[PDB]
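S.K.: One structure, as structure tokens, below. Some questions next.
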Amino acid sequence: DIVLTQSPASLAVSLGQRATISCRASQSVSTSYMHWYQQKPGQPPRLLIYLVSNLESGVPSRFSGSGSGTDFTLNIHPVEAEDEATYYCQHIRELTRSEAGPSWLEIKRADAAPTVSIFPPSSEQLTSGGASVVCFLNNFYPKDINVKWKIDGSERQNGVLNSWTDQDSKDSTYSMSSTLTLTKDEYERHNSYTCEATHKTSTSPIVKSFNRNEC
Amino acid sequence: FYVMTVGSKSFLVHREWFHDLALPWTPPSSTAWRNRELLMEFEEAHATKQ
Amino acid sequence: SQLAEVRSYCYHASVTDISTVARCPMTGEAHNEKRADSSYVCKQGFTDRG
Amino acid sequence: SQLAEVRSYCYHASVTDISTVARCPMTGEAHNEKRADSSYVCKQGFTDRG
Amino acid sequence: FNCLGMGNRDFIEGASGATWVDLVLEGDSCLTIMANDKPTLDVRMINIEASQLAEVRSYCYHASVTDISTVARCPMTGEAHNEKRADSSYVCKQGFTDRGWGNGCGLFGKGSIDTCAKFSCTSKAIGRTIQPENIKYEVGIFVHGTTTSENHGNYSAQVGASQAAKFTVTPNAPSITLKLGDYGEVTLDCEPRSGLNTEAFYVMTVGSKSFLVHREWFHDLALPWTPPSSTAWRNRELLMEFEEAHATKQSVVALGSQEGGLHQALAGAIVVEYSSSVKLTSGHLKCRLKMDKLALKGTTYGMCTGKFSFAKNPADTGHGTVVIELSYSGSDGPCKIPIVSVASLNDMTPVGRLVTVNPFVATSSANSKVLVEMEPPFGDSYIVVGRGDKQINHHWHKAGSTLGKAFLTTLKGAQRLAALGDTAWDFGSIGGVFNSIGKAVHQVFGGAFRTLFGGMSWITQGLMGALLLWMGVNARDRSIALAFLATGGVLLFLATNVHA
Amino acid sequence: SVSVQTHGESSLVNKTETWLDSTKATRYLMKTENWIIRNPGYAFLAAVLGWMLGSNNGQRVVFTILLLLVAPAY
Amino acid sequence: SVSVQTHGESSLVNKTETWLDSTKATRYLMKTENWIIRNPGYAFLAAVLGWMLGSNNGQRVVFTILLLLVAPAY
């Protein structure tokens, strides 16, 4: 009966700056009965705030928040690299118990342009009958990015496999790998292969191109 | 007895007095309640206005 | 350790979507289409007519 | 000449879509989702459990 | 404004003899005056209006605890003082914490603490005091001429015919003279200040809505209240509580919203709305109707020469009269509408009296609807419209025969005696002697007795009356009625009046 | 407090639908009946006190029916 | 309703400061005293009923002091 949503869904902020999450609960006067969960992708979360005023055991004192009824908040003044995770929340009073559309912490840094490398399919894959043209976009920030596979100057959205990581542990940037899969006969009937990468850093798409007739 | 939660805090109440409370109450699962007319009232009827 | 949920009580309520279907005298009962859903609180009554 | 319709009476009925939501003892009231529609005839009850 | 289809419609039987009459009216009830040379009148209250209302005080029903602070001290130190006792916003209370050598102190068994919590009002009710001059009364007045189902329930339409009027009586101008046009003028002299008791009660606002409460009970309400201006309140500790004291830990907890308790504290309160001027439902006002200039024109109009028709079918008003609406297809108008109420068809002698005197066709236009009401007698009667072959009639029967009607005057008469106080004898209008002393005997009897032990609620005065009826059983000769005086009537009556 | 000492009844003019009217009949009885059902063991010995003293028959019930109404909410 | 039929008293274990304790002594008396002050004219004829019947002296007050407590809030 109650709808929950957490905002901003993605927040890029440097460590040490306060992050106050604007939130709400649809079914009103929950009393407090609101929580906070931090979850890195591929892990279970961890309860941050209960009673809305109080931490669990393991969670350090940097986590806080306040609210009642509809609106609630998660206020972390000293955000940290250890705080990087997907923030979740969940409600009580009525049933069934449900969560909100989550919010990501992102540690802020300088906007980085991707390193784009487009590799022709191996001679081993051609002999296998297929051809997968891969395009690696490394160390770009922020996560907003786009890949476009231009074959002989024409964009093809078929066979496009986009594998990108999350925010890195070391440099805290994003890395993306795009893959254009074709058959060898379809690979040998098309000449120019390029993946243009547009990003908030570069006002123009980064164009890395190769032709089968070229080398 | 039971444990009754009033607002944020919870409190102890006798369970036979718990069911004897006069106020709109709720089944465990979700929706359909009883005596929910008690928190609302009515007035005189002028044309279609009440 | 473990506490089961017996029931709940709604102490604070608010009125939403007041609807009154007027009818003529001698028509007997008045029926509003909102009596189907349990979310709508319906009650009989009358309006003195000229 | 003209006769108004006061009301009607259903003398013959048939049962359709029997639904019973079972629950554990000490859970208090049992609530089936069919209590929302007035077409469904709902009644409380119990089942002695082992 | 008119008596058409009102919930309570009461009549007035003209004895003539005077052009002035002193009548009391109400918002729901509509008085109907029928007299010789004077057409049929409608007198009722629209609502009770008040212009300016002063702010007496306010009440905070819902509070919240903020900034709990408790200063711990050692036993034998006497009083504990927290620095928060300077500001009135902080709610401070003395106390103690039983001390060992384990917690904070080197002595045992006793302690002292000062627990302060900043007071925060979430929600507060507000009251209002009524000034006598500010009270206004909108009194709908209407005279029955040629009417339809539209114009009769319409005000501005009958203002064009000058058959309806509105006005505002205040203590500054209790007398208002309004003209009915072709039927003359009437003078209405009211008593706005004395209609209600302006200082007997207040107007309390609970949440968004406002309600009426007695002003002596208003100050006797137990709940944190507020001065008119701004800040410092009283008894604000009532919405908060305390607990045991463990070391420095004591939790001041606030009571929830008392709005429901205020709605529980309201029982006989009248629901009152408002926009720029408050409109009260049940009216009480004492007015003087001067009919001197009100007269009958138009006896120059002979009977109508042509066919009638029913614009709407006849029915019973439930007040003892029968109203009909007639669409006259004849073009000979304007003409006096022939009509009567008769016992049998073979007997042309009129028996029932017309509620609306002198039915009249407005204009020569054919098929013009006219709504005229009449009061038939008890038993089988007939509504006959027209003379000769032109007449179309209807059969009527009314089972209200004077046997039961004598009690309807009697029983409701005692009901008219109840709840109206000493003004109940204003239905003794154009009075004196009996009617004058009848109110005078009840005047001091209204200023004593029932008002002295007044305040009894429902069965409180009702149950003891049955025990006071036992006082009439045990007595002596000539002493019988002495213990029986207040028992019968004035006590059990109002208990039977309101059941429920 | 606001729970008790209600405005009811005004009893001045007031022919209308008040704030709470039909619920005024359920004020005392039902809450006192819920009390005597709460404490049935008292109700057994309650009416016994009426038959104890005075030997005047019909007025012995005047004790009980009045005294059984005293105990609820004092 | 919530106004009457309070939880008080638990009376199971419970040596502590409850939700409302010191105010429990002000429940009935003060509200019934505000009633008898509200209706003094009743209180004059109230105690009269005790001296009426039974001629047993000291138990005539048992009528009054009990009956004067009946009338408030029925």
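Just remember, in the structure tokens the first chain shown is A, the second B, etc., residues are 1-based per chain, and ligands are 1-based in the order shown.
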Lay chain F over chain G using all C-alpha atoms, matched one to one in order, with a least-squares fit; then write it out as a short mmCIF file (atom, residue, chain, number, x, y, z; two decimals) with C-alpha atoms, in the first residue's frame.

M.R.:
```
data_model
loop_
_atom_site.label_atom_id
_atom_site.label_comp_id
_atom_site.auth_asym_id
_atom_site.auth_seq_id
_atom_site.Cartn_x
_atom_site.Cartn_y
_atom_site.Cartn_z
CA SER F 1 -14.33 4.69 23.38
CA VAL F 2 -10.77 5.78 24.16
CA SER F 3 -11.95 8.37 26.70
CA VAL F 4 -13.19 5.76 29.21
CA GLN F 5 -12.25 2.11 29.88
CA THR F 6 -8.58 2.93 30.47
CA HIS F 7 -5.86 0.31 30.77
CA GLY F 8 -5.46 1.22 34.46
CA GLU F 9 -4.59 -0.63 36.32
CA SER F 10 -2.19 -3.29 35.06
CA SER F 11 -1.52 -4.58 38.61
CA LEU F 12 0.82 -7.30 37.34
CA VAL F 13 4.30 -6.94 38.86
CA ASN F 14 4.81 -3.29 37.87
CA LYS F 15 6.79 -1.40 40.49
CA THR F 16 7.77 1.59 38.33
CA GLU F 17 6.50 4.96 37.13
CA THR F 18 3.62 4.14 34.80
CA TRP F 19 2.23 6.29 32.00
CA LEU F 20 -0.28 8.00 34.30
CA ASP F 21 -0.08 7.34 38.03
CA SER F 22 -0.34 10.54 40.08
CA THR F 23 -3.16 11.68 37.79
CA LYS F 24 -5.12 8.50 38.51
CA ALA F 25 -6.22 9.98 41.84
CA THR F 26 -7.71 12.97 39.97
CA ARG F 27 -9.78 10.83 37.57
CA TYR F 28 -13.13 10.54 39.34
CA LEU F 29 -13.30 12.84 42.38
CA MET F 30 -12.27 16.12 40.74
CA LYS F 31 -14.46 15.46 37.70
CA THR F 32 -17.36 14.41 39.95
CA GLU F 33 -16.69 17.37 42.26
CA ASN F 34 -16.75 19.66 39.23
CA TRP F 35 -20.11 18.05 38.49
CA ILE F 36 -21.61 18.63 41.94
CA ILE F 37 -20.31 22.21 41.87
CA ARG F 38 -21.86 22.40 38.39
CA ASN F 39 -25.18 21.30 39.95
CA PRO F 40 -25.35 22.58 43.54
CA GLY F 41 -29.15 22.74 43.56
CA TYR F 42 -29.18 18.97 43.12
CA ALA F 43 -26.78 18.51 46.04
CA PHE F 44 -29.23 20.25 48.36
CA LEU F 45 -32.08 17.84 47.62
CA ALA F 46 -29.67 14.94 47.05
CA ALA F 47 -28.69 14.37 50.69
CA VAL F 48 -32.33 14.95 51.69
CA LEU F 49 -33.28 11.56 50.22
CA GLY F 50 -31.02 9.82 52.73
CA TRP F 51 -32.80 11.22 55.78
CA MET F 52 -36.18 10.29 54.25
CA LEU F 53 -36.29 6.52 54.64
CA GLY F 54 -35.24 3.77 57.03
CA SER F 55 -34.86 5.71 60.31
CA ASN F 56 -31.67 3.71 60.99
CA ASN F 57 -29.42 6.81 61.46
CA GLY F 58 -25.80 6.13 60.44
CA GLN F 59 -26.69 4.05 57.38
CA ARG F 60 -28.83 6.91 56.05
CA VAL F 61 -25.56 8.63 55.12
CA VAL F 62 -24.55 5.43 53.30
CA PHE F 63 -27.39 6.28 50.92
CA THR F 64 -26.28 9.89 50.37
CA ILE F 65 -22.48 9.64 50.09
CA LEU F 66 -23.00 6.74 47.69
CA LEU F 67 -25.94 8.29 45.83
CA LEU F 68 -24.28 11.71 45.53
CA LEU F 69 -21.49 9.85 43.74
CA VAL F 70 -23.96 8.14 41.38
CA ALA F 71 -25.38 11.22 39.65
CA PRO F 72 -22.04 12.51 38.23
CA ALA F 73 -21.51 10.87 34.82
CA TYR F 74 -24.37 8.52 35.79
#
```

S.K.: Near range 39-41 of chain D, counting only C-alpha atoms, which residues have an atom at most 10 Å away, once you skip same-chain residues fewer than 4 positions from it, shown as a list in words?

M.R.: residues 36 of chain C; 15, 16, 17, 18, 19, 33, 34 and 35 of chain D

S.K.: Limited to C-alpha atoms, could you put the picked residues into a file as a PDB file, in the first residue's frame?

M.R.:
```pdb
ATOM      1  CA  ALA C  36     -18.654  -2.126  -4.012  1.00  0.00           C
TER       2      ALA C  36
ATOM      3  CA  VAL D  15     -22.271 -20.637  -4.831  1.00  0.00           C
ATOM      4  CA  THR D  16     -19.380 -19.658  -7.097  1.00  0.00           C
ATOM      5  CA  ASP D  17     -15.622 -19.547  -6.460  1.00  0.00           C
ATOM      6  CA  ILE D  18     -15.199 -20.933  -2.959  1.00  0.00           C
ATOM      7  CA  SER D  19     -12.015 -19.446  -1.481  1.00  0.00           C
ATOM      8  CA  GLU D  33      -8.400 -10.419  -0.504  1.00  0.00           C
ATOM      9  CA  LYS D  34     -11.968 -11.104  -1.670  1.00  0.00           C
ATOM     10  CA  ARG D  35     -13.425  -8.879   1.079  1.00  0.00           C
TER      11      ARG D  35
END
```

S.K.: Could the residues of chain B within 12 Å of chain G, counting only C-alpha atoms, be given as a list in words, please?

M.R.: residues 1, 2, 4, 9, 10, 11, 12, 13, 14, 15, 16, 17, 18, 19, 20, 21, 22, 23, 24, 35, 38 and 39 of chain B

S.K.: What does the file look like for those residues with C-alpha atoms, as a short mmCIF file (atom, residue, chain, number, x, y, z; two decimals), in the first residue's frame?

M.R.:
```
data_model
loop_
_atom_site.label_atom_id
_atom_site.label_comp_id
_atom_site.auth_asym_id
_atom_site.auth_seq_id
_atom_site.Cartn_x
_atom_site.Cartn_y
_atom_site.Cartn_z
CA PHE B 1 -1.67 -9.27 27.72
CA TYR B 2 -0.28 -7.81 24.49
CA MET B 4 0.59 -2.18 21.85
CA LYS B 9 6.84 3.95 21.41
CA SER B 10 5.29 0.61 22.35
CA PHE B 11 3.36 -0.18 25.52
CA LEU B 12 1.74 -3.03 27.42
CA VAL B 13 -2.03 -3.59 27.40
CA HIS B 14 -4.25 -6.45 28.57
CA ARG B 15 -5.25 -8.56 25.59
CA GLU B 16 -8.88 -8.90 26.68
CA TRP B 17 -8.99 -5.11 26.99
CA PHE B 18 -6.99 -4.95 23.75
CA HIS B 19 -9.86 -6.36 21.69
CA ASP B 20 -12.40 -4.39 23.74
CA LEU B 21 -10.87 -1.09 22.58
CA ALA B 22 -13.44 1.01 20.70
CA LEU B 23 -11.61 2.46 17.67
CA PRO B 24 -11.16 1.39 14.02
CA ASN B 35 -15.70 0.15 12.74
CA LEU B 38 -16.30 5.81 14.27
CA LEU B 39 -13.56 8.29 13.33
#
```

S.K.: Please provide the set of residues having any atom within 9 Å of residue 46 in chain B, restricted to only C-alpha atoms, with same-chain residues fewer than 6 positions apart removed, written as a ChimeraX atom specification.

M.R.: /C:47-49

S.K.: At a cut-off of 10 Å, using only C-alpha atoms, what residues contact range 30-39 of chain E? Leave out same-chain residues fewer than 2 positions from it and give the result as a PyMOL selection string.

M.R.: chain E and resi 1-16+19+23-28+41-46+140-145+183-184+289+291-297+354-358

S.K.: Would you mind exporting the chosen residues as an mmCIF file, in the first residue's frame, restricted to C-alpha atoms?

M.R.:
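Output file again_18.cif follows:
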```
data_model
loop_
_atom_site.group_PDB
_atom_site.id
_atom_site.type_symbol
_atom_site.label_atom_id
_atom_site.label_comp_id
_atom_site.auth_asym_id
_atom_site.auth_seq_id
_atom_site.Cartn_x
_atom_site.Cartn_y
_atom_site.Cartn_z
ATOM 1 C CA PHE E 1 -36.595 32.547 3.138
ATOM 2 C CA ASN E 2 -40.031 31.043 2.516
ATOM 3 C CA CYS E 3 -41.899 28.201 4.205
ATOM 4 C CA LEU E 4 -41.915 26.002 1.083
ATOM 5 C CA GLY E 5 -40.706 22.488 1.850
ATOM 6 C CA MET E 6 -39.026 23.488 5.104
ATOM 7 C CA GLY E 7 -38.313 20.876 7.759
ATOM 8 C CA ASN E 8 -40.470 22.605 10.382
ATOM 9 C CA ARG E 9 -43.365 24.751 9.140
ATOM 10 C CA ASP E 10 -45.619 26.252 11.818
ATOM 11 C CA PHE E 11 -48.593 28.532 11.240
ATOM 12 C CA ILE E 12 -50.193 31.589 12.856
ATOM 13 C CA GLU E 13 -53.957 31.938 13.296
ATOM 14 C CA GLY E 14 -54.923 35.586 12.918
ATOM 15 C CA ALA E 15 -57.471 36.849 15.435
ATOM 16 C CA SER E 16 -57.038 40.370 13.971
ATOM 17 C CA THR E 19 -51.803 45.123 13.303
ATOM 18 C CA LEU E 23 -43.314 36.338 17.363
ATOM 19 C CA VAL E 24 -40.150 34.293 17.892
ATOM 20 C CA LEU E 25 -38.553 32.500 14.950
ATOM 21 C CA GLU E 26 -35.745 30.050 14.191
ATOM 22 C CA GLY E 27 -33.374 29.079 11.406
ATOM 23 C CA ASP E 28 -35.003 25.731 10.649
ATOM 24 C CA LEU E 41 -46.824 35.500 5.192
ATOM 25 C CA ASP E 42 -43.598 33.528 5.577
ATOM 26 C CA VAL E 43 -41.251 34.448 8.431
ATOM 27 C CA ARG E 44 -38.083 32.464 9.122
ATOM 28 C CA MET E 45 -34.402 32.842 9.901
ATOM 29 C CA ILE E 46 -31.805 32.188 7.215
ATOM 30 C CA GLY E 140 -36.183 35.703 5.180
ATOM 31 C CA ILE E 141 -39.673 37.197 4.915
ATOM 32 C CA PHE E 142 -42.165 36.288 2.201
ATOM 33 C CA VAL E 143 -45.792 36.979 1.299
ATOM 34 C CA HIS E 144 -47.793 34.537 -0.825
ATOM 35 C CA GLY E 145 -49.002 35.906 -4.145
ATOM 36 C CA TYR E 183 -49.649 44.471 -1.026
ATOM 37 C CA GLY E 184 -48.325 47.391 1.035
ATOM 38 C CA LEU E 289 -44.496 42.070 12.816
ATOM 39 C CA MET E 291 -48.999 44.514 9.260
ATOM 40 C CA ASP E 292 -50.689 47.948 9.378
ATOM 41 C CA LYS E 293 -49.793 48.931 5.802
ATOM 42 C CA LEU E 294 -50.125 45.343 4.529
ATOM 43 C CA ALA E 295 -53.518 45.032 2.834
ATOM 44 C CA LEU E 296 -55.416 43.283 0.031
ATOM 45 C CA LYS E 297 -55.756 44.916 -3.366
ATOM 46 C CA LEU E 354 -56.992 28.641 1.400
ATOM 47 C CA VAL E 355 -53.455 28.877 2.775
ATOM 48 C CA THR E 356 -52.639 31.341 0.002
ATOM 49 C CA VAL E 357 -55.430 33.921 0.068
ATOM 50 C CA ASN E 358 -56.888 35.329 -3.161
#
```

S.K.: Would you give me, as number ranges by chain, the residues of chain E that come within 7 Å of chain G, using only C-alpha atoms?

M.R.: E: 243-244, 452-456, 460

S.K.: Residues of chain A that have any atom at most 12 Å from an atom of chain C: could you tabulate them with the shortest-distance atom pair and the distance in Å to one decimal, using only C-alpha atoms, ordered by chain and increasing number, as CSV?

M.R.:
```
residue,atom,partner,partner_atom,distance
A:28,CA,C:12,CA,10.8
A:29,CA,C:12,CA,9.6
A:93,CA,C:8,CA,9.2
A:94,CA,C:8,CA,8.7
A:95,CA,C:5,CA,10.6
```

S.K.: Going by DSSP on the backbone, which residues of chain B come out as helix (DSSP H, G or I)? List them as a ChimeraX atom specification.

M.R.: /B:15-19

S.K.: Check the smallest atom-to-atom distance from each of A:51, A:113, A:182, A:160 to chain B using only C-alpha atoms, then report the winner.

M.R.: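 Counting only C-alpha atoms, the residue closest to chain B is A:51.
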
S.K.: Using only C-alpha atoms, find which residues of chain D lie within 7 Å of chain C and jot them down as a tab-separated table (two decimals) with C-alpha atoms, in the first residue's frame.

M.R.:
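Writing done, so here's out_17.tsv:
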```tsv
chain	number	residue	atom	x	y	z
D	6	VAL	CA	-39.45	-0.29	-4.35
D	27	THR	CA	-2.81	-14.84	14.37
D	28	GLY	CA	-6.19	-13.34	15.27
D	36	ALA	CA	-12.83	-5.86	-1.18
D	37	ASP	CA	-15.54	-6.75	-3.72
D	38	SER	CA	-19.10	-6.99	-2.43
```

S.K.: Residues near residue 109 in chain A, anyone? I mean within 9 Å using only C-alpha atoms, not counting same-chain ones fewer than 4 positions away, as a VMD selection string.

M.R.: chain A and resid 12 to 14 141 to 142 172 to 173

S.K.: Work out how far CA of residue 447 in chain E is from CA of residue 421 in chain E, in Å to one decimal.

M.R.: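 The value is 9.4 Å.
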
S.K.: Set the cut-off to 12 Å and count only C-alpha atoms: what are the residues of chain A that reach chain B? Output as a list in words.

M.R.: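 Every residue of chain A that passes the 12 Å test is in residues 1, 2, 29, 30, 31, 32, 33, 34, 51, 52, 67, 68, 69, 92, 93, 94, 95, 96 and 97 of chain A.
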
S.K.: Keeping only N, CA, C and O atoms, write those residues as a PDB file, in the first residue's frame.

M.R.:
```
ATOM      1  N   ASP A   1       0.819  -1.205   0.000  1.00  0.00           N
ATOM      2  CA  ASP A   1       0.000   0.000   0.000  1.00  0.00           C
ATOM      3  C   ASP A   1       0.858   1.262   0.000  1.00  0.00           C
ATOM      4  O   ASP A   1       0.409   2.331  -0.415  1.00  0.00           O
ATOM      5  N   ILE A   2       2.098   1.127   0.467  1.00  0.00           N
ATOM      6  CA  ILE A   2       2.995   2.272   0.563  1.00  0.00           C
ATOM      7  C   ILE A   2       4.040   2.210  -0.543  1.00  0.00           C
ATOM      8  O   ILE A   2       4.575   1.144  -0.868  1.00  0.00           O
ATOM      9  N   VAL A  29       2.467   8.972   8.213  1.00  0.00           N
ATOM     10  CA  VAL A  29       2.714   8.735   9.633  1.00  0.00           C
ATOM     11  C   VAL A  29       3.175   7.296   9.840  1.00  0.00           C
ATOM     12  O   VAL A  29       2.446   6.460  10.388  1.00  0.00           O
ATOM     13  N   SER A  30       4.381   6.999   9.365  1.00  0.00           N
ATOM     14  CA  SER A  30       5.063   5.755   9.689  1.00  0.00           C
ATOM     15  C   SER A  30       5.554   5.753  11.129  1.00  0.00           C
ATOM     16  O   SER A  30       6.168   4.771  11.563  1.00  0.00           O
ATOM     17  N   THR A  31       5.308   6.844  11.862  1.00  0.00           N
ATOM     18  CA  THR A  31       6.036   7.199  13.083  1.00  0.00           C
ATOM     19  C   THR A  31       7.481   7.380  12.639  1.00  0.00           C
ATOM     20  O   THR A  31       7.736   8.250  11.788  1.00  0.00           O
ATOM     21  N   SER A  32       8.439   6.616  13.152  1.00  0.00           N
ATOM     22  CA  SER A  32       9.762   6.660  12.550  1.00  0.00           C
ATOM     23  C   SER A  32       9.938   5.445  11.647  1.00  0.00           C
ATOM     24  O   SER A  32       9.802   5.563  10.427  1.00  0.00           O
ATOM     25  N   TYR A  33      10.212   4.279  12.239  1.00  0.00           N
ATOM     26  CA  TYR A  33      10.145   2.982  11.555  1.00  0.00           C
ATOM     27  C   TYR A  33      10.742   3.024  10.152  1.00  0.00           C
ATOM     28  O   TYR A  33      10.177   2.471   9.206  1.00  0.00           O
ATOM     29  N   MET A  34      11.877   3.700   9.998  1.00  0.00           N
ATOM     30  CA  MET A  34      12.540   3.809   8.709  1.00  0.00           C
ATOM     31  C   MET A  34      14.022   3.520   8.889  1.00  0.00           C
ATOM     32  O   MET A  34      14.616   3.850   9.918  1.00  0.00           O
ATOM     33  N   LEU A  51      15.701   3.130  14.341  1.00  0.00           N
ATOM     34  CA  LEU A  51      15.047   4.125  15.191  1.00  0.00           C
ATOM     35  C   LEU A  51      15.148   5.508  14.551  1.00  0.00           C
ATOM     36  O   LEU A  51      14.617   6.485  15.094  1.00  0.00           O
ATOM     37  N   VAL A  52      15.852   5.601  13.417  1.00  0.00           N
ATOM     38  CA  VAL A  52      16.094   6.797  12.614  1.00  0.00           C
ATOM     39  C   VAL A  52      17.136   7.663  13.316  1.00  0.00           C
ATOM     40  O   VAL A  52      17.806   8.486  12.682  1.00  0.00           O
ATOM     41  N   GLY A  67      13.755  12.117  10.603  1.00  0.00           N
ATOM     42  CA  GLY A  67      12.487  12.254   9.914  1.00  0.00           C
ATOM     43  C   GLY A  67      11.383  11.533  10.653  1.00  0.00           C
ATOM     44  O   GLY A  67      11.614  10.780  11.597  1.00  0.00           O
ATOM     45  N   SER A  68      10.160  11.781  10.195  1.00  0.00           N
ATOM     46  CA  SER A  68       8.978  11.122  10.732  1.00  0.00           C
ATOM     47  C   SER A  68       7.869  11.220   9.694  1.00  0.00           C
ATOM     48  O   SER A  68       7.907  12.065   8.796  1.00  0.00           O
ATOM     49  N   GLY A  69       6.878  10.350   9.832  1.00  0.00           N
ATOM     50  CA  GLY A  69       5.743  10.402   8.927  1.00  0.00           C
ATOM     51  C   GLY A  69       6.151  10.048   7.510  1.00  0.00           C
ATOM     52  O   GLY A  69       6.657   8.953   7.235  1.00  0.00           O
ATOM     53  N   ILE A  92       8.235   0.053   7.904  1.00  0.00           N
ATOM     54  CA  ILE A  92       7.524  -0.793   8.855  1.00  0.00           C
ATOM     55  C   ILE A  92       6.231  -0.033   9.132  1.00  0.00           C
ATOM     56  O   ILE A  92       5.843   0.812   8.318  1.00  0.00           O
ATOM     57  N   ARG A  93       5.562  -0.319  10.256  1.00  0.00           N
ATOM     58  CA  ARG A  93       4.130  -0.090  10.420  1.00  0.00           C
ATOM     59  C   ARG A  93       3.413  -1.084   9.509  1.00  0.00           C
ATOM     60  O   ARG A  93       3.475  -2.291   9.763  1.00  0.00           O
ATOM     61  N   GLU A  94       2.710  -0.619   8.480  1.00  0.00           N
ATOM     62  CA  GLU A  94       1.831  -1.509   7.742  1.00  0.00           C
ATOM     63  C   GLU A  94       2.639  -2.541   6.954  1.00  0.00           C
ATOM     64  O   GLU A  94       3.872  -2.526   6.918  1.00  0.00           O
ATOM     65  N   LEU A  95       1.913  -3.449   6.309  1.00  0.00           N
ATOM     66  CA  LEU A  95       2.496  -4.561   5.569  1.00  0.00           C
ATOM     67  C   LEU A  95       1.818  -4.636   4.200  1.00  0.00           C
ATOM     68  O   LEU A  95       0.689  -4.166   4.059  1.00  0.00           O
ATOM     69  N   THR A  96       2.472  -5.212   3.188  1.00  0.00           N
ATOM     70  CA  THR A  96       3.778  -5.856   3.304  1.00  0.00           C
ATOM     71  C   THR A  96       4.935  -4.865   3.333  1.00  0.00           C
ATOM     72  O   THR A  96       4.832  -3.747   2.831  1.00  0.00           O
ATOM     73  N   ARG A  97       6.034  -5.300   3.938  1.00  0.00           N
ATOM     74  CA  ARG A  97       7.233  -4.487   4.071  1.00  0.00           C
ATOM     75  C   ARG A  97       7.970  -4.430   2.737  1.00  0.00           C
ATOM     76  O   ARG A  97       8.223  -5.464   2.114  1.00  0.00           O
TER      77      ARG A  97
END
```
